[PDB]
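Take a look at the structure tokens below, where one protein chain is shown in two forms, each on its own, as structure 1 and structure 2.
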Structure 1
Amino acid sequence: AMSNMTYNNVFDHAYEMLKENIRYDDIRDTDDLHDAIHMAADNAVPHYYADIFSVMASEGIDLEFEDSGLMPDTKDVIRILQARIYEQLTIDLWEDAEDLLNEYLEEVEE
């Protein structure tokens, strides 16, 4: 128990920040989303030991990285896990972000 925070709790925190980031900053260029999704993901990542394990124990994530180069190459599991939850947040936000930006611009279409 200890922490009720889960990955989908963290993801909704990162997803709604992207809803706020996209609308306030326009970011019509699709390459500006990379700087945008990172700010929502980086800020949503927890830093406490109870929050990291409770998120890691919940559904939606593994210890397996999609990219091996993103592994921190360190002996601290805390850093490896917070880099791990971040890696999933970026690729989980990615599929919903492009659609989120596509239907956001209701000002040039009807």
Structure 2
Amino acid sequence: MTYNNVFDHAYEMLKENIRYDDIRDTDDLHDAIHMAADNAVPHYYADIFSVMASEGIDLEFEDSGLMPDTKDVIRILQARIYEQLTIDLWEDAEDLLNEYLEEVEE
């Protein structure tokens, strides 16, 4: 299981969420991006470790506020996947909102 496979599942969810709620502006994207991330983080420890081993994600947090102060190592790793997803989905936000708007024409 790789970070690229997890990111593809999150990107597809956000695409769906955009259509289901007719989202047109980045200022209304926060919750859709975070649900997509939540729905894409792996659940099994083994998949979480495999994702951390693959291309596209490092161990350091960008914002330490999204890092839990906890002794549970697996939660720290899950929180890091969750954070990278949200960052990468935000970089595709404008592109995705344009593709949605542009998919019909009279």
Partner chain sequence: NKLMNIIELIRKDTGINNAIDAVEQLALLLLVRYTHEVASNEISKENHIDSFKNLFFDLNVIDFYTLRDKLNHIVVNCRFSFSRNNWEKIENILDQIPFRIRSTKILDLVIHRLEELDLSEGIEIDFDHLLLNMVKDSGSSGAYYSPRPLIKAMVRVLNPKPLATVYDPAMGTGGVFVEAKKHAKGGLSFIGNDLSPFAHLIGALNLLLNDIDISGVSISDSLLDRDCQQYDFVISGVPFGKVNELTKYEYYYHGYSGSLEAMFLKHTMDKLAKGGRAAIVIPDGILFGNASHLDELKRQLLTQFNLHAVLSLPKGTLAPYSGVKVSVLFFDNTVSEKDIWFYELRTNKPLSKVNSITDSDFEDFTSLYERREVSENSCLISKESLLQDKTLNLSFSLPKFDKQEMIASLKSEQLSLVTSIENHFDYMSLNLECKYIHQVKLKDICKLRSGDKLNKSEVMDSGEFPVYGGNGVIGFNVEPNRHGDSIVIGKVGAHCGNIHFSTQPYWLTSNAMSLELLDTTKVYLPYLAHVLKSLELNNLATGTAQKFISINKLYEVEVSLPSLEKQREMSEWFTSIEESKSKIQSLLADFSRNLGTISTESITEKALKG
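Numbers given to residues start at 1 and step along the sequence of structure 1. In this text, the rigid core denotes the largest set of C-alpha atoms whose superposition between the two forms falls within 1.5 Å. Shifts are known only where both forms have a C-alpha.
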Return 1 or 2 according to which structure is the form solved without the partner chain. 2
Superpose on the rigid core and name the single residue from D35, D67, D29, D42 whose Cα moves by 2 angstroms or more between the two structures. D29
Core superposition result - C-alpha of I85, shift between the two structures, Å: 0.3
With the core held fixed, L105 moves its Cα between the two structures by a number of Å equal to 1.4
Rigid core superposed, please list the runs of 3+ consecutive shared residues whose C-alphas all move by 2 Å or more between the two structures. 27-32, 106-110
